[PDB]
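Q: Residue numbers (full-length UniProt numbering): 46 to 258. This is the structure I want to talk about, given as structure tokens.
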Ligand SMILES: O=C(NCCc1nnc(-c2ccncc2)[nH]1)c1cc(-c2ccc(F)cc2)cc(O)c1O
Ligand SMILES: [Cl-]
Ligand SMILES: [Cl-]
Ligand SMILES: [Mg+2]
């Protein structure tokens, strides 16, 4: 099988159904002790939690679900009725994410979309009944952070105060995105220094709050 399937099986055999915290713990244990994987991890995840709690977003978009770790992390902190839409390019990983969320008991809060961001973002309003997004978590292909931010704006999905939170801005790095948001009067930026998941390598999250045109 694949590493992603092994992670799902480990969760199913080492976590409690309907208990998101136990799911996160199981993933982090597996990826620390058995096989590394590109989940956001607990160090960056704690920063994510602090941001989600500050803003209590009603509608979140995640670009790049992977196995659903971050989706579990965010969805467990959403208020009743709040929703997460998450996009995963790899069909096998999209199916694993769905199963992960089902196991966690968070399936009613989350919609997992299988496809490419450049294709799905323009469909969000009409197909998924989105008006504007409260928060966007960027964790997909690193060379897409900038073009997809611009696409979100073009599509009218950003409002004053929409929070963009971007993983991996140091490793693998997203230099064009960082330069752009930090140099733009349309964003108010903050850097949260941390570590690459499961590693003693510096990474960080960037928060970029959209300010309108
Ligand atoms: O590549 C990464 N994530 C991207 C995952 C994705 N899933 N679906 C989409 C998608 C969805 C719609 N459109 C386009 C792409 N993208 C990624 C890679 C690393 C990493 C770090 C150091 C290494 F040595 C090797 C790899 C770390 C991370 O935290 C990552 O997030
Ligand atoms: Cl993740
Ligand atoms: Cl970690
Ligand atoms: Mg990442």
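Using N, Cα and C, we set each Cβ at its ideal position, and we do this for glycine too.
What I want to know is whether the C-beta of residue 188 ends up closer than 6 Å to one or more non-hydrogen atoms of ligand 1.
A: Taking the chain shown and counting its residues from 1, the one referred to as residue 188 is at position 143. Answer for residue 188: no, Cβ out of range of ligand 1.
Q: Can you tell me whether residue 147 is helix, strand or coil according to DSSP?
A: As a working mapping, residue 147 is identified with position 102 in the chain shown. Three-state result, residue 147: helix.
Q: Cβ-heavy atom distance between residue 214 and ligand 2 below 6 Å?
A: Translated into positions along the chain shown, residue 214 becomes position 169. No.
Q: Using only the alpha-carbon positions, how far apart do residue 101 and residue 93 sit?
A: As a working mapping, residue 101 is identified with position 56 in the chain shown. As a working mapping, residue 93 is identified with position 48 in the chain shown. Rounded to whole angstroms, residue 101 to residue 93 spans 12 Å at the Cα level.
Q: Could you have a look at residue 251 and say whether DSSP puts it in helix, strand or coil?
A: Indexing the chain shown from 1 puts residue 251 at position 206. Here residue 251 sits in strand by DSSP.
Q: If you compare alpha carbons, which of 246, 178 and 52 is closest to residue 128?
A: For the purposes of this step, residue 128 is identified with residue 83 of the chain shown, where counting begins at 1. Cα-wise, what sits closest to residue 128 is 178.
Q: Does the distance between the C-beta of residue 86 and the nearest non-hydrogen atom of ligand 3 fall short of 6 Å?
A: Locating residue 86 in the chain shown gives position 41, where the first residue counts as 1. Yes, the beta carbon of residue 86 sits closer than 6 Å to at least one heavy atom of ligand 3.
Q: Below 8 Å on the Cβ atoms is my guess for residue 130 versus residue 173; work out the distance and round it to an integer in Å.
A: The sequence position of residue 130 within the chain shown is 85, counting from 1. The sequence position of residue 173 within the chain shown is 128, counting from 1. The Cβ separation is near 6 Å, so the contact holds.
Q: With DSSP as the reference, please indicate the residues paired to residue 159 in a beta bridge.
A: Here residue 159 refers to the residue found at position 114 of the chain shown. 133, per the DSSP bridge assignment.
Q: Which complete beta strand (DSSP E) runs does the stretch 188-228 hold, if anything under 3 residues is left out?
A: Unbroken beta strand (DSSP E) stretches of 3 residues or longer found wholly inside the stretch 188-228: 208-211, given in chain order.
Q: Can the beta-carbon of residue 184 be found closer than 7 Å to that of residue 249?
A: Walking along the chain shown from the start, residue 184 turns up at place 139. Walking along the chain shown from the start, residue 249 turns up at place 204. No; because the gap between Cβ atoms is not below 7 Å, this pair is not in contact.
Q: Whose C-alpha, out of 140, 144 and 148, is nearest the C-alpha of residue 160?
A: Here residue 160 refers to the residue found at position 115 when the chain shown is read from its first residue. Ranking the options by Cα distance to residue 160, first place goes to 140.
Q: Is any heavy atom in ligand 3 found nearer than 6 Å to the beta carbon of residue 111?
A: Along the chain shown, read from residue 1 onward, the residue named residue 111 stands at position 66. Because no heavy atom of ligand 3 lies under 6 Å away, the Cβ of residue 111 does not count as near it: no.
Q: To the nearest angstrom, report how far apart residue 207 and residue 220 are at their CA atoms.
A: Working through the chain shown from its first residue, we reach residue 207 at position 162. Working through the chain shown from its first residue, we reach residue 220 at position 175. When only Cα atoms are considered, residue 207 and residue 220 end up about 21 Å apart.
Q: Can you tell me whether residue 62 is buried or exposed? The criterion is at least 16 other CB atoms within 10 Å of its CB, across all chains shown.
A: By 1-based counting over the chain shown, the position of residue 62 is 17. Its Cβ having fewer than 16 others within 10 Å, residue 62 is exposed.
Q: In three-state terms, what does DSSP make of residue 180?
A: Numbered from its first residue, the chain shown carries residue 180 at position 135. The answer is strand: DSSP assigns residue 180 an E or B state.
Q: Residue 84: which of 70, 170, 231 and 175 sits nearest, CA to CA?
A: Numbered from its first residue, the chain shown carries residue 84 at position 39. Of the listed residues, the one whose Cα sits closest to residue 84 is 70.
Q: Measuring from the CB of residue 70, is there a heavy atom of ligand 3 at a distance below 6 Å?
A: Position 25 of the chain shown holds residue 70. Outside the cutoff, so no.
Q: On the three-state DSSP scale, how would you describe residue 235?
A: As a first step, residue 235 is located in the chain shown; it is residue number 190 there, counting from the start. If DSSP states are grouped into helix, strand and coil, residue 235 belongs with the strands.
Q: Which word fits residue 226, buried or exposed, when buried means at least 16 other C-beta atoms lie within 10 angstroms of its C-beta?
A: Stepping through the chain shown from its first residue, residue 226 is reached at position 181. Result: buried.
Q: Using a threshold of 7 Å, state whether the C-beta atoms of residue 118 and residue 86 are closer than that.
A: The residue you call residue 118 lines up with position 73 of the chain shown. The residue you call residue 86 lines up with position 41 of the chain shown. For residue 118 and residue 86, no; Cβs fall outside 7 Å.
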